[PDB]
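Single-letter residue listing:
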Amino acid sequence: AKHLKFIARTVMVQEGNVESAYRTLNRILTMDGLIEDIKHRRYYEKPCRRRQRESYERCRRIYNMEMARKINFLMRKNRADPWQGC
Amino acid sequence: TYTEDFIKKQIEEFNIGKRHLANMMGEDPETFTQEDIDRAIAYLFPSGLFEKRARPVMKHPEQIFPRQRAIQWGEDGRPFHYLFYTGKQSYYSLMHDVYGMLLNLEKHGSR
């Protein structure tokens, strides 16, 4: 309201590619978390529910990262059998 | 169940019957063969039954009666084959042989 206009969340169009600019804007707003903020702010989220959700998301991310690391570590053995027959 | 003594007596009976059949057909008992036995039994006992297994047959007792296991160890108890304790000594012996052949080469219409 008190800031200068047409700098925040503003995208320029290249060679009249309006759709590409709009999709880049959507990408930026999603990557900065603004889309999630707007969607979550439609109704009030109780503090206990908020805390539970953040704990769940943090733990899920950690667990997924660890599982991915395990699979990437054990993918090295996945190759052609070198002692076929015996 | 067919005890080994039964099979032994059957073998003796087949040998004597073979000599009798060679006597009957005028052939020399020494060189008398299984094809000759089949021909003679087809002549003496003509049967046009379509089923070849329902026709008269004079076969060696080994062929006609089923078979049994083989001894895998002697009186001392030691198994003969070095892969005995796998329980699949023949199969794993074959696989071992094939793998050795592949190793040698690595160093170097039908079904």
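About the cut-offs
- Residues numbered from 1 in each chain as written, not as in the entry; some residues may be left out.
- Chains lettered and ligands numbered in written order.
- Part of a larger assembly, values for the part shown.
- Heavy atoms only, no water.
- Helix = DSSP H or I, 4+ residues; strand = E, 2+ residues; numbered from the N terminus.
- Buried < 20%, exposed > 50% of the residue type's maximum accessible area, 1.4 Å probe, protein only.
- Contact = heavy atoms within 4.5 Å.
- Salt bridge = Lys/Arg side-chain N within 4 Å of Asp/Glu carboxyl O.
- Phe/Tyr/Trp six-rings, centres within 6.5 Å; stacked < 30°, edge-to-face > 60°.
- Disulfide = S-S within 2.5 Å.
- Patch = residues over 30% accessible without salt bridge, like charges linked within 9 Å, V, L, I, M, F, W, Y side chains within 5 Å.
- Areas by Shrake-Rupley, 256 points an atom, 1.4 Å probe, with all protein chains shown as cover.
- Core = buried A, V, L, I, M, F, W, Y, C linked by side-chain atoms within 4.5 Å.
- Arc of directions from axis to C-beta.
- Polar contact = N/O pair within 3.5 Å; in protein donor to acceptor, adjacent residues only side chain to side chain.

As recorded in the entry header, the structure was determined using cryo-EM to a resolution of 2.85 Å.

A.B. asks: Where do I start with the side chain of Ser 93 of chain B in this structure?
C.D. replies: All names here are of chain B. Along the chain, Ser 93 turns up in helix 4 (residues 89–107). On the accessibility criterion, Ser 93 (15% relative accessible area) is buried. Ignoring sequence-local partners within four residues, the contact set of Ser 93 consists of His 81 and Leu 83.

A.B. asks: So what exactly am I meant to see when it comes to the pattern of salt bridges here?
C.D. replies: Side chains that carry opposite charge are capable of pairing whenever their charged atoms lie near each other. Residues and elements named next belong to chain A. On inspection of all chains with the given rule, the structure shows nine salt bridges over all chains. We note a salt bridge from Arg 53 to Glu 45, for which the minimum N-O separation is 2.7 Å. A relative accessible area of 24% means that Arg 53 is categorised as partly exposed. The partly exposed category is assigned to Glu 45, whose relative accessible area is 27%. Here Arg 69 and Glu 66 are joined by a salt bridge, their closest N and O atoms 3.2 Å apart. Residue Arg 69 and its partner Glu 66 are located together in helix 3 (residues 47–74), separated by three residues, close to a single helical turn. The exposed category is assigned to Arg 69, whose relative accessible area is 55%. One continuous salt-bridge network, built from bridges that share partners, spans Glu 45, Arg 53 and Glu 57.

A.B. asks: Where do I start with the packing of aromatic side chains in this structure?
C.D. replies: Pairs of aromatic rings are described using the distance from one ring centre to the other and the angle between the two planes. All names here are of chain B. Taken as a whole, this structure holds six aromatic pairs over all chains when the rule is applied. An angle of 65° between the planes, with centres 5.2 Å apart, marks the rings of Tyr 91 and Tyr 92 as edge-to-face. Note on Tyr 91: relative accessible area 39%, which makes it partly exposed. Ring pairing ties together the aromatic residues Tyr 2, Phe 6 and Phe 65, which thus form one cluster.

A.B. asks: Mind showing me how you'd approach the state of the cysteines here?
C.D. replies: Should the sulfur atoms of two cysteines be covalently bonded, the bond is a disulfide. All names here are of chain A. One pass over the full model with this rule turns up zero disulfides over all chains. In this model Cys 48 remains outside any disulfide bridge; the closest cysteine sulfur is found in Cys 59, 17 Å from its own. The exposure class of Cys 48 is partly exposed, given its relative accessible area of 37%.

A.B. asks: Looking at this structure, how should I read a nonpolar patch on the surface?
C.D. replies: Residue and element names in this part refer to chain B. There is a patch of nonpolar side chains on the surface, built from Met 24, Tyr 43, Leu 44 and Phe 45 and spanning about 470 Å² of accessible area. By the secondary structure assignment, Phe 45 is in the loop between helix 2 (34–44) and helix 3 (61–64). By relative accessible area, which is 49% here, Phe 45 ends up partly exposed.

A.B. asks: Just to check I follow, could you spell out the nonpolar core for this structure?
C.D. replies: Residue and element names in this part refer to chain B. Counting eight residues, the largest nonpolar core consists of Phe 14, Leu 21, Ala 22, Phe 32, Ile 37, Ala 40, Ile 41 and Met 58. Put simply, the parts of the chain that give this core at least two residues each are helix 1 (4–24) and helix 2. Apart from the residues within four sequence positions on either side, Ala 22 is in contact with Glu 27, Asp 28, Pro 29 and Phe 32.

A.B. asks: Teacher, can you tell me more about helix 2 of chain B here?
C.D. replies: Count 3.6 residues to each turn of an α-helix, and residues three or four apart come out pointing the same way. Residue and element names in this part refer to chain B. For helix 2, the set of buried residues is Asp 36, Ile 37, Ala 40 and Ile 41. Viewed along the axis of helix 2, the buried residues span an arc of 130°, placing them on a single side of the element. Helix 2 presents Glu 35 and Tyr 43 as exposed residues on the side facing more than 90 degrees away from its buried surface. Among the structural elements, helix 1 are those in contact with the buried residues of helix 2. Looking at where helix 2 begins, the residue whose side-chain oxygen comes 3.4 Å from the main-chain nitrogen of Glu 35 is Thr 33.

A.B. asks: I would appreciate a short explanation of the side chain of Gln 89 of chain B in the present structure.
C.D. replies: Residue and element names in this part refer to chain B. Counting through the fold element by element, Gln 89 comes out in helix 4. Among the residues examined, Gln 89 registers a relative accessible area of 18% and is labelled buried. One polar contact links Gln 89 to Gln 72, side chain to side chain, over a distance of 3.1 Å. Setting aside its immediate chain neighbours within four residues, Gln 89 contacts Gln 72, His 81, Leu 83 and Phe 84.

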